[PDB]
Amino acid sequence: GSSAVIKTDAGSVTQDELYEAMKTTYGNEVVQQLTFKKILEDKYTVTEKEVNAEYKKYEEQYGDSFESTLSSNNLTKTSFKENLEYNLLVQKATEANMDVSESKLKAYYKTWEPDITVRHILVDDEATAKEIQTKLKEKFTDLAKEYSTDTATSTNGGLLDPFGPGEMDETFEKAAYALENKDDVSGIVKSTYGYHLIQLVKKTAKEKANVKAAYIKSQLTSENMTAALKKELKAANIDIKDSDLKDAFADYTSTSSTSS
């Protein structure tokens, strides 16, 4: 690896120098993923279509901004394709370790709620909201672009994505689900971000097959994923040949779900 990847008047940067510079900082993290990818692809099938179906989901939402968001996260489409594939493999290994018995699903059903869609207005302090609180004296969407410091939603009347329980900020959501009918509005909520006002747009047999999807969703925790990978790692009988990389799997060799 004495070959030059870059030449300068001051000398060359070689393959060797680039390899070792990268390895020192990123070697453990990358070799871990390469290792898991191999052992998992051996046991679990991911089809090119499965990767495509996942890919398109993301591709639709972002529209014009798709390619732009990849670059901002240091991704190409193909490198993104690879990451979706890796995530699916881990997802499969985690699901293989899930107990999806009727009793668990029936038990999960009582706590579960469907997704909720709202608008909101974000401001720095309660008095400004109080100005907004009295502001009706008129349209919620109009005052959102007028006052909301949430640049992601301000232009769009403060419209939020659909979201479920546990999945968004606790205080915000309590207030959201308390909403009753189309377009009626909350009191002032104080979150980590600031003070909010929230407006409802959409709320909704067991209708359970959705819950099955939701339960599996909720079980894709970092703990369960780590637990699943520990089992796979153990069954693979790995031997680390490069002693620089001996600590590459530290996050998977403790009684906890992480290193330190």
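Don't overthink the numbering: it's just position in the shown sequence, from 1.
If I compare the deposited sequence with the modelled residues, how many are absent between residue 204 and residue 205: none, 1 to 3, 4 to 9, or 10 or more? The entry has a gap there, with 4 to 9 residues left out between residue 204 and residue 205.
If I compare the deposited sequence with the modelled residues, how many are absent between residue 137 and residue 138: none, 1 to 3, 4 to 9, or 10 or more? 1 to 3 residues are missing.
Mean CA B-factor: is it higher for 114-122 or for 82-90? So the stretch with the higher mean C-alpha B-factor is 114-122.
Selected stretch [higher average CA B-factor]: 188-196 or 231-239: So the stretch with the higher mean C-alpha B-factor is 188-196.
Going by the entry, which of 60, 29, 223, 50 has the most elevated CA B factor? Max CA B-factor in the entry, restricted to 60, 29, 223, 50: 60.
Looking at 76, 149, 97, 101, which has the highest CA B-factor as recorded? Answer, based on the entry's C-alpha B-factors: 149.
Would you mind ranking residue 208 by its C-alpha B-factor against the rest of the chain and naming the third, lowest, middle or highest? Residue 208: CA B-factor falls in the highest third of its chain.
Just say lowest, middle or highest third for the CA B-factor of residue 2 relative to the other modelled residues in its chain. Middle third by C-alpha B-factor.
Split into thirds by Cα B-factor across the chain's modelled residues, where does residue 258 land: lowest, middle or highest? According to the entry, residue 258 has a C-alpha B-factor in the chain's middle third.
Relative C-alpha B-factor of residue 42, binned into the chain's lowest, middle or highest third: Middle third - that is where residue 42 ends up once the chain's C-alpha B-factors are sorted.
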